[PDB]
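Reading the structure
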Amino acid sequence: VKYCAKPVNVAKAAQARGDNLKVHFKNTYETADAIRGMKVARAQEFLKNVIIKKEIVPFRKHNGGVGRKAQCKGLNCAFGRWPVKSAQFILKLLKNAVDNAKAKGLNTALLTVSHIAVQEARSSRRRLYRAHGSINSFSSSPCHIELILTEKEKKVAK
Amino acid sequence: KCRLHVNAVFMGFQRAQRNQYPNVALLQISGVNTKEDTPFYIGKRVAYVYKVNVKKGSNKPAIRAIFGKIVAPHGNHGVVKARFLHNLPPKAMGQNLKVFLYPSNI
Amino acid sequence: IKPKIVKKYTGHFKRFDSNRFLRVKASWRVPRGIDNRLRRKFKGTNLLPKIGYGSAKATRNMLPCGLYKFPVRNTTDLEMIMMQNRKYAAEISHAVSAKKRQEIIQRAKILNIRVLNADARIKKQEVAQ
Amino acid sequence: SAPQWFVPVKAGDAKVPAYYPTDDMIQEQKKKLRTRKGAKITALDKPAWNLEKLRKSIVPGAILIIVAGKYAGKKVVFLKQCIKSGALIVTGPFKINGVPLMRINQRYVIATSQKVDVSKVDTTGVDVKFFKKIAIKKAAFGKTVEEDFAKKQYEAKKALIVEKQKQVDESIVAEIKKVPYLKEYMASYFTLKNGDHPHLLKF
RNA sequence: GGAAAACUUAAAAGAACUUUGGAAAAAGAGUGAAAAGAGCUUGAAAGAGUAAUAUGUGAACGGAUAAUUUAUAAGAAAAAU
RNA sequence: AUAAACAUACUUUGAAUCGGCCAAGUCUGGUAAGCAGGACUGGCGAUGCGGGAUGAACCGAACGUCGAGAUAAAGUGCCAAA
RNA sequence: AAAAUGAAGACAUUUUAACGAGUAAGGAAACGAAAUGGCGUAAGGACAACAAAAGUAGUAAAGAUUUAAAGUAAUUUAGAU
């Protein structure tokens, strides 16, 4: 699986990726949407609070039946949850990407989450035994995750 | 500097109850309350001058114009028919149109 | 010298209901339905191809430059329109290589024949050259 | 000889067929695009075939109102008609209105009833030569670049002749001051006030 | 009673060593003409994700006419006696 | 009298169709029916356009793509051109 | 429809006049003044650089995605990846 975008300056960016991750796409797509653009130092602190249920992940698009919370004030969204499994999976990729920046030799404090995308993977089917001799499907929803962290420096365009 | 035009109101195109012909635009010249005061204006120039908020780096003019001529009366209440180079934008209904004094036959 | 080419309808005649369904393509098909809105020429939807839209015979199939089209595959194809260079224009076929395209373009300049693919399949001489 | 459709061109040492002539016997011809002859020049005293018929209200010495163009709203004095172009030759005497000697088509003016008359205007010059002499022309196409400065120098060199022909204004200026309130009337812009309906105004 | 399932490359040369990780893997490095990377010739539509741009009071979409923005896109000749 | 030469007379081969519906200075059964059934014509079906707010049949008028002008039914306080 | 011209031009000739709504249905091919005109898919037989190297193709085929042009339309053409 290839990356959606390529960095403008490869020498100042680092990448991490996961393929066929056993985590719900609908939940992870919202978690990655929350931390897009925030600094790596800040992002790791947001994801830990989602684990201990102190910061919300607004479910902007997949909000069917999702209950309202008190931490969803100001985000223009009335619904949010605390997906722990999806937050942990991102936390392992952010650490992997950061260790790539250290190998390259970039300054950690200047890295932001410039690009992060989630794609739908191939599902695995199972059996659910129903009334009157019917069998249905019990399908996982895995996903691919890409992450590109770039050093943030001031730009000028005259 | 001076006022060399008479304001006319772009009421709307030549139309019927359920149709519309944007080739001809109807105008209400100020002070013309009857069709017998129309023969003076038949043939005078008419301009729809509008303003466009252009960006600093664009060389397009900030004041553009569409010109046209008054061709015939329309009804007994001093309403005229004007045909322009390009049909007037329907967003300009109720705006003012400069009715000049040339081609002068005085 | 070049006449005024007048097109009676510059838009596209799109198939009915093609804007609502992705299975119905936009290539025109006359609706034969017994209750069809378009084939009964209802107000609002009465736009069907007719012979009346045909452009003038004099200025038909004429490119905007004022000439016609004459596809060429080699240099010898150009020799068929050297007496009519004021009437035709060479149009190199899409499969002709870049090596052969230079020979056609070089010869067509000799014979004073316009080529409409003069900047086709050109080399990478756009940056750093 | 050569076919009427055959216009030989030089081959840049490229591959040419056996029937095509070589470079040594090909002499290139300049592309010719101008096929229509320009206008003829006739005697300065005779009128052009393309002469408009002026309105009966427009007579020499009458005062006209310019209702279009750069000098819109100004008042001028009509001396005579340019026979070679059909445009009126007016002067809103420069000491009064600042309108110089110029040419204006009769469709952009209104003939007022006020008339300055004035004979002996001394129009010995001020013909189609004079107006073509003081016109500011562009910098052609192939004349190097000559950006910006070309027009600034043109006004300086043509300024002297412009003043020289303002000896015409010496007569109307004196007469205009004879009529009370006329000098104020001439120097002031023409305006359409409240209740000034053009179909009711009369001049 | 009774199916489905064809294709890497010319050649496996099928990455092989380091860092992060419990591991799978990822980032480098390398092979190859080209990753074509084994879910391997090309890679469409339906469905998503990212980026750019635009719009908004109980449907949406289409047509005619203009305005705005963007794009395409027409020339090197040359006057009178 | 009027009209009629892309007039007139056809010949051969064959398609589809024979559930029909409407109007009326018309009729029969019925208390009557947007009911049932007929005589003559015109329509809808197979037909859009302008008008009757909306309407298969009513009124004007039947359609190649367009520009300008007089018009038809019918309209002219605003929606809506007058 | 009628006149005129006619071995090859070309736009299926030139001129004049009338005409052009439509369900079911019909108008097979060919027919120089053509007894309707055409577009598209695949396969077979020929034609395709006329001076002895004769359609395009690793100086990039088919396919795919788009940008523009031609055609009333069916569709065709070319650029970029």
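Below is a summary of the structure that appears in this document. (Residues numbered from 1 in each chain as written, not as in the entry; some residues may be left out. Chains lettered and ligands numbered in written order. Part of a larger assembly, values for the part shown. Heavy atoms only, no water.)

**Concerning the protein's contact with RNA strand F**
Stated precisely, the cut-off is as follows: Only a single heavy atom is needed: when it lies within 4 Å of a molecule or strand, its residue is near that molecule or strand. For this analysis, a polar contact is any N or O atom pair within 3.5 Å, provided that within protein one partner can donate a hydrogen and the other can accept it, and provided that sequence-adjacent residues contribute only side-chain to side-chain pairs. Ten residues, namely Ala, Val, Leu, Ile, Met, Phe, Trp, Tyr, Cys and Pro, are considered nonpolar, four, namely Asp, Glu, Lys and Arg, are considered charged, and the remaining ones, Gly among them, are considered polar.
Taken together, the neighbourhood of RNA strand F is formed by 18 residues, with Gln17(B), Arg18(B), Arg39(C), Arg40(C) and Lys41(C) sitting nearest. For RNA strand F, the fraction of atoms within 4 Å of the protein that belong to sugar or phosphate moieties is 89%. Between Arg83(B) and RNA strand F, the recorded distance is 3.0 Å, taken from a side-chain N or O atom to a phosphate oxygen. For RNA strand F, a phosphate oxygen lies 3.1 Å from a polar atom in the backbone of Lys43(C). Among the residues forming the surface near RNA strand F, the class breakdown is three nonpolar, six polar and nine charged.

**Comments concerning the pattern of salt bridges**
We count it as follows: For this document, the term salt bridge refers to a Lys or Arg side-chain nitrogen within 4 Å of an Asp or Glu carboxyl oxygen. Partly exposed residues are those whose accessible area sits between 20% and 50% of the maximum for their type, while under 20% is buried and over 50% is exposed, using a 1.4 Å probe and protein chains only.
Taken as a whole and judged by the stated rule, the model has eight salt bridges over all chains. For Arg20(C), the salt bridge is made with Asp17(C), and the minimal N-O distance between the two is 3.9 Å. Note on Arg20(C): relative accessible area 64%, which makes it exposed. A relative accessible area of 23% means that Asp17(C) is categorised as partly exposed. Connected through salt bridges with shared partners, the residues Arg17(A), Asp19(A) and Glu146(A) form a single ionic network.

**Some words on the pairing of strand β3 (residues 88-91) of chain D**
All names here are of chain D. Formally: Helix numbers and strand numbers start at the N terminus; a helix is a DSSP run of H or I with at least 4 residues, a strand a run of E with at least 2. Two strands pair under a simple rule: DSSP has to find at least two bridges between them.
Judged by which residues are buried, β3 turns out to be covered on both faces: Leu88 and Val90 on one side and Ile89 and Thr91 on the other are all buried. Strand direction decides the pairing type here: strand β2 (residues 75-81) and β3, joined by four bridges, are antiparallel. Bridge pairing in β3 links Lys80 to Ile89. Across three bridges, β3 lies against strand β4 (residues 102-104) in antiparallel orientation. Note that in β4 the partner of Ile89 across the bridge is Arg103.

That's the geometry; what it means functionally is another story.
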